[PDB]
Amino acid sequence: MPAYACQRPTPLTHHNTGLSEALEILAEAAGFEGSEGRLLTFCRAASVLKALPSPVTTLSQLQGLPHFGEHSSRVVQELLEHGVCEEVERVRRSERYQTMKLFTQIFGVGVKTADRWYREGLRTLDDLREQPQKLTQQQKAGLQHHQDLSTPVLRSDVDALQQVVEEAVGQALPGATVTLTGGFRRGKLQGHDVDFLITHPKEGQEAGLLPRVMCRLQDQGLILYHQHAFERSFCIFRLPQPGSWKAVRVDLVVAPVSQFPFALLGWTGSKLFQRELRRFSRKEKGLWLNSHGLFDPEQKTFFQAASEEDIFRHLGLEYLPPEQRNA
DNA sequence: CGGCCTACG
DNA sequence: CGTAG
DNA sequence: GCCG
Ligand SMILES: [Mg+2]
Ligand SMILES: [Mg+2]
Ligand code: NA
């Protein structure tokens with residue numbers, strides 16, 4: 001078992017679902033308390049279990065696995081012995097965890113805002129609605145649409161959304177392309193948001209594209225909310241349903257074709273996979289990775305990539321297709 | 001012990 | 001501060 | 001919380 005998630009395939013479904021989930025509760029809880037280090041360790045330990053070829057049945061099978069120390073091993077031990085881990089259940093039950101989870105789910109509310117509200121005594125969505133002067137316009141939209149946004153989107157819905165985006169993009173810039181990214185590109189059959197990456201084969205033609213796309217989608221009556229030069233747009237779209245519609249979170253991202261492989265890689269995730277990949281790049285290879293490029297700080301040069309395959313090769317990693325990036 | 005991804009709106 | 005993966 |  002290699003130490004970094006980007007060094008091993010991680011499929012979407014696996015053989016340690018219950019164990020990985022429990023560890024992820026503790027990771028999430030650590031994030032709500034601002035302990036990013038503990039969040040990372042619990043996420044990494046959970047991800048290691050996702051990468052295993054069969055179920056963990058005995059505590060000895062954790063020996064030599066990276067990211068399993070005293071704490072994570074105890075959680076697994078308790079689950080193997082009793083079917084439940086008391087620490088995990090205490091977190092699940094807790095008013096702090098439940099409220100921080102509820103508040104951070106809201107589009108426009110992060111951990112810092114949620115925590116402040118929690119400290120002020122606020123506990124429910126209706127608590128927030130009663131004091132609307134305290135809310136940003138983004139948070140107001142997040143709160144209005146919370147119920148719809150809490151329901152996952154199906155792949156058939158995504159395909160319908162992609163067609164409407166493609167029509168707008170085609171008018172905004174003929175020849176521009178739209179690529180589905182995020183969890184759906186990793187093979188997810190449903191998910192809580194839809195991500196699209198837009199480019200054009202002629203370098204430079206994409207400049208100024210996103211406002212033109214947004215204006216056109218707005219004119220079509222499809223945009224329930226958006227933030228407004230820019231290159232990422234975090235939207236709430238109107239998605240058709242039988243006899244009605246629902247609100248769906250859609251992200252639109254533009255990249256020049258020279259950067260497309262990097263943007264595709266970054267936006268395809270998973271979140272942990274990409275953090276791990278960037279950590280690997282810098283710490284093991286001395287190269288700096290982001291969604292625009294890969295920089296050698298010694299030679300002061302950027303690696304030209306024509307594909308995700310190029311990027312894995314330049315980092316000395318075996319290629320993983322998107323459906324094995326579910327770290 | 002230091003480090004934990006790296007951006008844009 | 002929020003957002004993204 | 002764990003790695004190196
Ligand atoms: Mg997504
Ligand atoms: Mg998204
Ligand atoms: Na949020």
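Chain letters run A, B, ... following the sequence lines, proteins first and then strands; every chain starts at 1. Heavy atoms only: backbone and side chains are in, while hydrogens, waters and symmetry mates are out.
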Expressed in angstrom and rounded to an integer, what is the separation of [X] atom [atom1] from [N] atom [atom2]?
X	N	atom1	atom2	result
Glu276(A)	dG1(D)	CD	P	18 Å
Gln137(A)	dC1(C)	CD	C1'	15 Å
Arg44(A)	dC3(D)	CZ	P	10 Å
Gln259(A)	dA7(B)	CD	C1'	12 Å
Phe295(A)	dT6(B)	CZ	P	13 Å
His192(A)	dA4(C)	NE2	P	13 Å
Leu149(A)	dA4(C)	CG	P	11 Å
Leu65(A)	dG1(D)	CG	P	18 Å

Among the candidates [options], find the nucleotide nearest to the side-chain atoms of [X].
X	options	answer
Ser72(A)	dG5(C), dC2(D), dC8(B)	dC2(D)
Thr41(A)	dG5(C), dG4(D), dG1(D)	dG1(D)
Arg278(A)	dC2(D), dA4(C), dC5(B)	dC5(B)

Seminar exercise, completed: Separation between CZ (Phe230(A)) and CG (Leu210(A)), nearest 0.5 Å, reads 4.5 Å
Exercise. Atom NE2 of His146(A) and atom CG of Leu128(A): how far apart are they, to the nearest 0.5 Å?
Worked result: 9.5 Å
Less than 4.0 angstrom between a side-chain N/O of [X] and OP1 or OP2 of [N], yes or no?
X	N	answer
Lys283(A)	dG3(B)	no
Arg282(A)	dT6(B)	yes
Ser281(A)	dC5(B)	no
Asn290(A)	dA7(B)	yes
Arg275(A)	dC5(B)	yes
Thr136(A)	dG2(C)	no
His67(A)	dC2(D)	no
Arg325(A)	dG5(C)	no

Would you classify [X] as touching base, sugar-phosphate or nothing, given that sugar-phosphate means primed atoms plus P, OP1 and OP2, and contacts are heavy atoms under 4.0 Å?
X	result
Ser35(A)	nothing
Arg38(A)	base
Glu231(A)	sugar-phosphate
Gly110(A)	sugar-phosphate
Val109(A)	sugar-phosphate
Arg185(A)	nothing
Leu197(A)	nothing
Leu289(A)	sugar-phosphate
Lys271(A)	base

Problem set entry | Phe237(A) six-ring face occupied by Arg249(A) cation (under 6.0 Å, within 45°) | no
Problem set entry | Cation-aromatic face contact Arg96(A)/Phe32(A), 6.0 Å, 45 degrees | no
For this session: Would you mind telling me which residue lines up with the more 5' stretch of DNA chain D, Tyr4(A) or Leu40(A), judged by nearest nucleotide?
Result: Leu40(A)
Seminar exercise, completed: Closest to the 5' end of DNA chain D, once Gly37(A) and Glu284(A) are matched to their nearest nucleotides, is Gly37(A)
Exercise. How far, in whole Å, is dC5(B) from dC3(D) if one measures between their P atoms?
Worked result: 16 Å
Seminar exercise, completed: Hits for side-chain contact (heavy atoms from CB on, under 4.5 Å) against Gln304(A), two or more places apart or cross-chain, chain-then-number order -> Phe302(A)
For this session: Say whether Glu203(A) and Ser258(A), considering side chains only, have a donor N or O and an acceptor N or O under 3.5 Å apart.
Result: yes
Exercise. With no hydrogens and no angle check, do the side chains of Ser270(A) and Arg325(A) hold a donor and an acceptor under 3.5 Å apart?
Worked result: no
Exercise. Is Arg232(A) side chain donor-acceptor paired with the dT3(C) base, going by distance under 3.5 Å alone?
Worked result: no
